[PDB]
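So that the names make sense, note that chain A is the first sequence line, chain B the second, and so on, each numbered from 1.
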2 protein chains.
Amino acid sequence: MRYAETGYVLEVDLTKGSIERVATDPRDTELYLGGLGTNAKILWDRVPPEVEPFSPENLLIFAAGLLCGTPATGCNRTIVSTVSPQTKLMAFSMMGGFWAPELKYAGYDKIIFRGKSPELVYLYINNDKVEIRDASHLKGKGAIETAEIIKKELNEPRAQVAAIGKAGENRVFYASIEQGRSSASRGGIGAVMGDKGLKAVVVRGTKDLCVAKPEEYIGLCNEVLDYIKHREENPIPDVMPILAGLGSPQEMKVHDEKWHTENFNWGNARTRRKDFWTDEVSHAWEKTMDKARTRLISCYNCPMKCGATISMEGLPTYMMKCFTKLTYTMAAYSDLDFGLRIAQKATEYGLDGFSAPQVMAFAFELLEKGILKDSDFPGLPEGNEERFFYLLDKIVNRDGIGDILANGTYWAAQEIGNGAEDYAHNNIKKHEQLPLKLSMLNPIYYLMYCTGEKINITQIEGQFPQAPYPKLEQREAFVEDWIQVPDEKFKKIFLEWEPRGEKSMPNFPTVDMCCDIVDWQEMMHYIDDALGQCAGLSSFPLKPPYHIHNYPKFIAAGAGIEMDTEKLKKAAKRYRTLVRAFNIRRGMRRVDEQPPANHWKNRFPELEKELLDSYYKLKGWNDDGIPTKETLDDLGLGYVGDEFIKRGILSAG
Amino acid sequence: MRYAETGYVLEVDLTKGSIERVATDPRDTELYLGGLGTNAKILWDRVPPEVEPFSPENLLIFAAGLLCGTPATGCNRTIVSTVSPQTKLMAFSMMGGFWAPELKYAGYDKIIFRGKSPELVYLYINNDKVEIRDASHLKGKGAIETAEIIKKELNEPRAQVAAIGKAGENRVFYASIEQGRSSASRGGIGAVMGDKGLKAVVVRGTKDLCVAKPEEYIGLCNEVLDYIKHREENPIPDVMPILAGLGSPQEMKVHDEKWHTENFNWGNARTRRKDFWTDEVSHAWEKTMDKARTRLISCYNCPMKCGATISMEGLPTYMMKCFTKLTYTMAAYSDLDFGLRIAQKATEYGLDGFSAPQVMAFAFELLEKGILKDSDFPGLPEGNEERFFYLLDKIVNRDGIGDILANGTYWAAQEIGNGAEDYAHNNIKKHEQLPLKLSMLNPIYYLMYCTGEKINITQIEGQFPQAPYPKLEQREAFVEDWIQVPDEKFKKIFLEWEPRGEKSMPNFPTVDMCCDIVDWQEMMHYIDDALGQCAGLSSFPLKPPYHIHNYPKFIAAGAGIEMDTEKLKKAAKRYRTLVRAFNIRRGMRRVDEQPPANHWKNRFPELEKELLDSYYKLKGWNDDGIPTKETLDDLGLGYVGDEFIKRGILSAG
Ligand SMILES: CC(C)(COP(=O)(O)OP(=O)(O)OC[C@H]1O[C@@H](n2cnc3c(N)ncnc32)[C@H](O)[C@@H]1OP(=O)(O)O)[C@@H](O)C(=O)NCCC(=O)NCCSC(=O)c1ccccc1
Ligand SMILES: CC(C)(COP(=O)(O)OP(=O)(O)OC[C@H]1O[C@@H](n2cnc3c(N)ncnc32)[C@H](O)[C@@H]1OP(=O)(O)O)[C@@H](O)C(=O)NCCC(=O)NCCSC(=O)c1ccccc1
Ligand SMILES: Nc1nc2c(c(=O)[nH]1)N[C@H]1C(S)=C(S)[C@@H](COP(=O)(O)O)O[C@H]1N2
Ligand SMILES: Nc1nc2c(c(=O)[nH]1)N[C@H]1C(S)=C(S)[C@@H](COP(=O)(O)O)O[C@H]1N2
Ligand SMILES: Nc1nc2c(c(=O)[nH]1)N[C@H]1C(S)=C(S)[C@@H](COP(=O)(O)O)O[C@H]1N2
Ligand SMILES: Nc1nc2c(c(=O)[nH]1)N[C@H]1C(S)=C(S)[C@@H](COP(=O)(O)O)O[C@H]1N2
Ligand code: SF4
Ligand code: SF4
Ligand SMILES: [Mg+2]
Ligand SMILES: [Mg+2]
Ligand SMILES: [W+6]
Ligand SMILES: [W+6]
């Protein structure tokens with residue numbers, strides 16, 4: 001029998017209203033583990049490149065990680081996968097909370113949606129009971145608001161609900177899916193969900209979930225908890241607060257945001273304010289945050305409590321975590337009070353807290369320059385704050401100028417013209433990046449910006465420190481108990497690495513060292529997004545409780561399959577290449593893999609070419625970014641190599 | 001991980017030439033075991049009643065039993081299922097030999113064909129490699145002949161081949177599938193295969209097949225091999241050799257056919273020859289058999305060697321077992337030399353050995369009577385023997401009157417008319433029966449002739465004795481060591497049974513007694529056809545090694561699921577009802593459940609009514625043969641009851 005996984009999925013046709021439970025192939029588990037990996041397998045051989053994002057044949061997959069529903073601490077992530085309406089590439093999005101584990105308790109590993117529903121509806125799951133309900137009375141309702149009404153309707157107080165706001169219903173290219181203190185935020189997956197007339201997905205589960213090696217599996221679980229205690233008694237020395245400990249960026253706990261407000265760019269990723277964090281500002285923000293934060297809350301089976309309930313006066317309560325705390329504030333040249341109030345509106349609407357702020361600031365720059373006229377913004381209010389609330393409503397409704405801005409900075413500038421493309425200066429593969437315009441070229445981050453399939457920098461980094469220690473004693477101390485490294489050489493790299501001089505960036509670490517680092521950091525994220533493990537306890541923070549050495553044990557004891565360190569490394573490489581192959585088939589080439597032209601002020605073309613060339617070699621790809629026939633056959637992806645040749649993507653010989 | 005079964009099937013669309021391996025649902029195994037069981041499930045919810053047998057939507061399935069490819073002695077049966085072109089009902093047909101086990105070693109449980117290939121093809125399976133080959137150079141070739149050329153083409157001497165003959169290609173309604181010394185013979189499965197344009201299925205396998213509890217399973221295997229040694233040293237006293245030991249009827253060993261020739265109707269189930277077995281006949285048949293029989297051969301993993309390679313002077317070699325040894329002979333009022341000769345042609349042509357002889361025999365009665373003219377048989381030889389060879393050619397080619405006769409006796413008489421219906425007197429549901437026209441009504445066999453879904457009396461009988469003993473001492477001796485009975489009450493039945501007196505047929509055994517006997521006998525067959533076990537070691541002979549008490553142990557140790565006598569009983573009841581439900585949906589009713597009008601000289605209309613009334617009650621059926629909503633709900637077949645009501649077959653309460 002199957003373990004960790006349930007071995008079953010739901011196939012839903014929203015056009016015919018048909019529902020079907022189908023057993024999964026156990027071979028898929030051995031090759032692609034689960035979550036993102038198996039999502040990639042499904043999208044590959046069911047979604048050909050001729051399928052458009054808002055086409056009925058486009059798929060919307062809700063996947064619970066392999067180890068979700070087990071006692072594994074923090075393992076609770078949902079992986080939503082589809083074809084992005086913004087980037088035209090694959091879009092996988094992660095969501096925390098309690099939804100994924102509930103699905104497992106209901107008896108399912110995934111839910112795959114195809115076609116479209118003519119009427120607004122939501123899916124109701126209660127163990128073996130599955131049905132489609134009408135949701136017309138929920139039209140326009142906010143994401144969180146929607147969940148509460150449903151749980152009253154069905155009389156299921158303990159059901160978990162993933163819903164879309166008005167933004168998703170109106171197919172905003174950066175619309176999200178909201179569930180309590182969790183969000184599948186990026187990729188426009190909310191736009192696809194709305195396009196299919198799917199207002200929400202409600203699931204309740206009370207079945208058992210089994211593991212293969214009970215005693216052994218709980219042993220590793222306790223080993224993690226013990227490490228979390230010890231780790232939280234020994235934070236990383238001389239790092240900032242929101243990087244010393246475990247979990248997601250603890251921005252709800254720490255009031256200090258000097259690193260953020262003085263190193264990140266305000267507005268449309270435009271302005272840098274070196275001396276913003278004054279005493280008056282630090283006190284005003286701490287007061288606002290103490291009054292707004294009700295409680296620090298956690299996800300399922302996790303003690304880190306990264307999120308927080310936010311209560312602004314005269315506004316409904318919503319939940320928040322990580323960097324969305326500042327994006328609306330910094331993009332509007334305002335304060336933390338404004339940011340918390342508009343984030344409430346945006347979370348209910350279901351918008352990406354990264355792109356949305358940059359799109360609105362992008363619009364005001366165009367209005368400032370004169371590329372957009374005041375006639376495009378009728379009835380526009382005077383205040384800077386009021387203008388953001390104004391433009392926010394225009395976007396979610398796709399009203400007038402809001403209809404164009406609802407497509408993202410790339411497509412909006414494309415349609416606007418008149419030099420609007422010049423102000424879309426912060427995109428990679430048509431996707432907005434973090435507002436960061438640094439001085440000196442970073443050889444490690446350059447690679448992560450160019451090749452990251454998530455196209456987000458915060459979701460590929462983690463395991464290697466972002467900066468070197470000034471003193472050698474500090475490095476020797478760090479590498480002392482750095483048991484998470486796959487190889488001793490990662491310790492030796494950090495020892496030699498210095499902030500200034502003959503061993504500083506961009507010329508050090510070397511090109512070969514950078515490639516190895518990027519490959520390791522990326523590998524841990526892909527393992528996380530297949531197992532369902534929150535990165536906060538794994539691939540994100542320094543020296544995590546989960547790593548390349550005990551992960552194989554969790555899989556073996558949990559799922560009952562043969563798994564070791566090397567076999568796991570190869571597995572992660574397998575469906576990370578498959579994801580790559582999916583984007584190749586959709587027209588992605590080396591040309592698309594370049595950072596923004598103004599991302600760094602000091603550029604080194606010859607070093608950057610050597611970096612991307614060497615990294616491709618390590619991955620086993622072409623000098624155009626395409627996985628060769630040799631590496632594909634070696635990975636067990638022969639059917640990919642055949643289709644590449646047949647499609648002319650790869651040449652025979 | 002799955003056990004005994006491989007857990008995969010092959011989905012092949014012949015019209016599109018697509019090949020696909022699909023993991024199965026382990027719940028189907030729990031409810032329907034496998035083989036014939038799971039095949040019924042597949043046909044039920046994929047082949048609705050509006051589908052024609054020669055429609056491309058009709059399915060042809062090759063299933064290997066649950067315990068095929070395991071060390072279990074005699075377990076190697078293939079189960080072919082489809083919708084019969086002759087009866088318009090469900091058709092399942094069993095084939096022995098070496099084919100099923102081979103499929104298991106390749107890594108598959110079933111092959112499921114849909115659609116029609118426009119050109120003659122065959123499927124080549126070698127482990128993970130599966131491809132469709134052009135087979136136009138094989139057109140017209142015989143089943144066995146086709147096999148040898150194919151194996152040489154592929155350089156695969158250890159490959160197993162199931163093939164159709166010309167008869168299958170020309171969609172003769174009783175065309176068969178031949179696999180060396182084994183054949184799927186009845187129902188017209190060869191017709192559907194030819195109709196789809198499938199000449200053969202070649203399979204080679206070299207993969208491991210695992211069992212769950214090794215030590216316990218091989219222990220069970222050793223228990224059977226012991227019982228076989230002891231059974232062969234103790235044949236059932238006062239029973240003729242062919243039916244006094246294990247295996248299929250050993251007619252290839254025993255020359256003595258006094259019982260058959262003097263009790264079975266020669267010709268068109270017409271002539272009883274009470275004193276046919278003379279000294280001169282016996283010596284002649286003995287001489288022919290001794291010179292013809294090259295060697296007694298077995299199936300995979302069995303020591304009984306029921307088969308015999310037959311070599312007639314001037315003819316190629318073929319394999320034969322059981323009763324075809326007499327059918328062609330008796331139908332033509334000929335001898336054994338002719339029988340063995342023509343049966344070589346018939347086997348290579350791919351024809352059923354029960355119907356062909358009766359069909360040809362039926363035609364000559366119509367010619368003798370006047371309904372058919374010499375004009376219908378142009379080029380008709382003068383000799384009896386030469387006429388049968390002539391009409392055999394006409395049928396396989398569907399040439400002239402061979403087109404009409406190729407549809408069977410039921411439809412032939414329907415189309416011929418002019419009173420030809422009267423000579424189609426040996427039918428049940430448009431399916432030719434054994435040439436048996438006894439004197440006194442047998443209550444036990446009456447119920448079997450009416451309800452058996454195979455519609456063939458020899459594939460439902462077995463566990464209970466066909467006749468009583470003259471002496472009580474004989475009865476007491478037999479029931480002393482009769483461990484295979486499901487209850488003690490069977491022992492008491494046999495003891496009371498007498499050939500003459502108050503305790504003789506038709507009045508004894510009683511109606512309730514007769515029902516319990518038919519139920520037991522039928523149940524054992526369905527377990528065999530699901531597991532893949534040969535009836536010659538189970539449901540066919542008296543006191544077999546496999547039985548209702550040790551069968552659960554095999555299923556548990558073999559497949560690794562829970563099982564016991566009562567669960568197994570109900571499990572067999574579940575998919576016997578399912579098969580019953582499939583034919584009810586195709587229009588079958590009580591009216592169709594009647595033996596030939598002249599099957600018994602002495603009839604008892606009132607007893608016959610009570611007999612069937614009672615049997616329907618034990619089954620849990622209506623007074624019209626249809627399974628009640630209750631028993632369907634009780635068997636976990638709730639989906640069936642719903643559709644029945646929806647279709648109006650069952651009144652809503
Ligand atoms: C200190 C760094 C490492 C880089 O900041 P800086 O120190 O400012 O580095 P700079 O490149 O600006 O150069 C500084 C000055 O020194 C100069 N100079 C430089 N090198 C050299 C040299 N070798 N030799 C000599 N001089 C050198 C250089 O010319 C410049 O001087 P000028 O003004 O031009 O005259 C850190 O702040 C960082 O974030 N980096 C990681 C990358 C990243 O973005 N990761 C975060 C992803 S988001 C995330 O994780 C998150 C988001 C939300 C929520 C949660 C999480
Ligand atoms: C002896 C029987 C039991 C029946 O044969 P018989 O003895 O002839 O039984 P009858 O019914 O013909 O009557 C005889 C005479 O006695 C008379 N009479 C009868 N009852 C009574 C009474 N109670 N009281 C008084 N008198 C009674 C009756 O009137 C008649 O006298 P008349 O001439 O009319 O004046 C046996 O031969 C048999 O095969 N039966 C099993 C059923 C079957 O067909 N199974 C095989 C399936 S194929 C197979 O397995 C296989 C095929 C190929 C390869 C391998 C396998
Ligand atoms: N497995 C996994 N966990 C992850 C992440 C991820 O990308 N993969 N992202 C982290 C970051 S940067 C944030 S801001 C939060 C957001 O969690 P959410 O998806 O529930 O909103 O998740 C964290 N946990
Ligand atoms: N509306 C909204 N957008 C959001 C967030 C959020 O909490 N709400 N979280 C941000 C954070 S912290 C992260 S790490 C990314 C997570 O990426 P993903 O949700 O696409 O996997 O989304 C960002 N966008
Ligand atoms: N499981 C099972 N085994 C069975 C049978 C059957 O119907 N089911 N038929 C028996 C009989 S009567 C005969 S004659 C032989 C025929 O073997 P064949 O189908 O390979 O020609 O199978 C024997 N074994
Ligand atoms: N061509 C051919 N027809 C045959 C046979 C055979 O061996 N070859 N077996 C006969 C016997 S003895 C029996 S019991 C049935 C078996 O039925 P089935 O093979 O359709 O399951 O087929 C009959 N027809
Ligand atoms: S580390 Fe934070 S975001 Fe991750 S599971 Fe724990 S509480 Fe949730
Ligand atoms: S008993 Fe006879 S027919 Fe059955 S498997 Fe053994 S040899 Fe073959
Ligand atoms: Mg998220
Ligand atoms: Mg057969
Ligand atoms: W983040
Ligand atoms: W037989």
More than 12 foreign heavy atoms under 6.0 Å from [atom1] of [X]: is that the case here?
X: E131(A); atom1: CD; result: yes
X: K213(A); atom1: NZ; result: no
X: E562(B); atom1: CD; result: no
X: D45(A); atom1: CG; result: yes

Look up atom CE in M1(A) and atom CZ in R2(B), then write down how far apart they are to the nearest 0.5 Å. 10.5 Å

Engaged part of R21(B) at the chain A interface, taking heavy atoms whose separation is under 4.5 Å: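 Answer is side chain: those atoms of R21(B) sit under 4.5 Å from chain A.
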
Give, as side chain, backbone, both or neither, the part of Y3(A) having an atom under 4.5 angstrom from any heavy atom of chain B.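 Contact with chain B: none, neither part.
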
Answer with side chain, backbone, both or neither: which region of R27(A) has an atom nearer than 4.5 Å to a non-hydrogen atom of chain B? both

